[PDB]
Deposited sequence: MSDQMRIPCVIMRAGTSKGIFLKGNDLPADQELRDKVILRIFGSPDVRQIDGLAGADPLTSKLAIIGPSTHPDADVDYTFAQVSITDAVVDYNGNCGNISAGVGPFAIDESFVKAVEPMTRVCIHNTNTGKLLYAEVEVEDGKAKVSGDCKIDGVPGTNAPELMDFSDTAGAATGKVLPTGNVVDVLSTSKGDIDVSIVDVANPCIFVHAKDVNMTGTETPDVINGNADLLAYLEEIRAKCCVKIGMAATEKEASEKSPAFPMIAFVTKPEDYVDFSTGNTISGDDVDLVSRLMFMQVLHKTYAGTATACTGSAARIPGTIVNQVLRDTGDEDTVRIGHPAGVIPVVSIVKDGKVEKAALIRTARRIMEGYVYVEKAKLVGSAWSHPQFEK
């Protein structure tokens, strides 16, 4: 009676931790939808002590997953950066690491039919409108977790997943092979192709796994 349950899963998506929710498990009204996300995350609060998020920007992001609204997509995906300090749910942009969780989650939730060795998943990003391509290793109707692929920022080794960003060209503007990078915590290669105005492939190897599934509670009285 004091609280309400919401189904909810938590993922490591690449170098991030995401909280994953199904479109229908959230309020239709945007005002209430935002209050409820803030309550799940434990925002606004520097410690995020009364909610699921872990007080770092890398561990305070949302993926809402729903039925595809695009004839060429298996699944719709809405990303949000949930502010730690402010009452703000920011829907501006795509998260490349978080989109690495989407495919495996879509398979494990039967939004996409599992095909052994490898399932191609096509993701419709809402914030952008653009399509992403995930190539997912599948074993027994579920996403493979184990294997020998190292990405920097995550201890140990996991099943590789290829993300294709090639149709991201246009992001905000509407206008536009393995190359290294010495980012904050190591190194990272990508399969770029530079040809003026068309992007052939922008593909990189990510990694993901499900950490938890269950129900978050959210206090009713705090939705005054």
Wait, which stretches of the deposited chain are just not there in the structure? 1, 178 to 332, 381 to 391
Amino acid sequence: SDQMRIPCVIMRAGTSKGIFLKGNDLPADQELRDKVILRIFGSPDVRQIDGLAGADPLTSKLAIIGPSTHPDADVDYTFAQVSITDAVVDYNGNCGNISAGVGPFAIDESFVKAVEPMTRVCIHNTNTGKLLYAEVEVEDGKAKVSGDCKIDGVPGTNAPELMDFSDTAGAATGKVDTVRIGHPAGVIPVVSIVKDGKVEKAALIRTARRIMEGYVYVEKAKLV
From here on, numbers count along this sequence of modelled residues.
Hey, which bit's got the bigger mean C-alpha B factor in the entry, 201 to 209 or 17 to 25? 201 to 209
The stretch carrying the higher mean Cα B factor in the deposited entry, 92 to 100 or 107 to 115, is 92 to 100
Quick one: which of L38, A63, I49, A172 shows the highest Cα temperature factor in the PDB entry? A172
Among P44, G54, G186, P67, the highest C-alpha B-factor in the PDB entry belongs to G186
Chain-relative CA temperature factor third for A221: middle
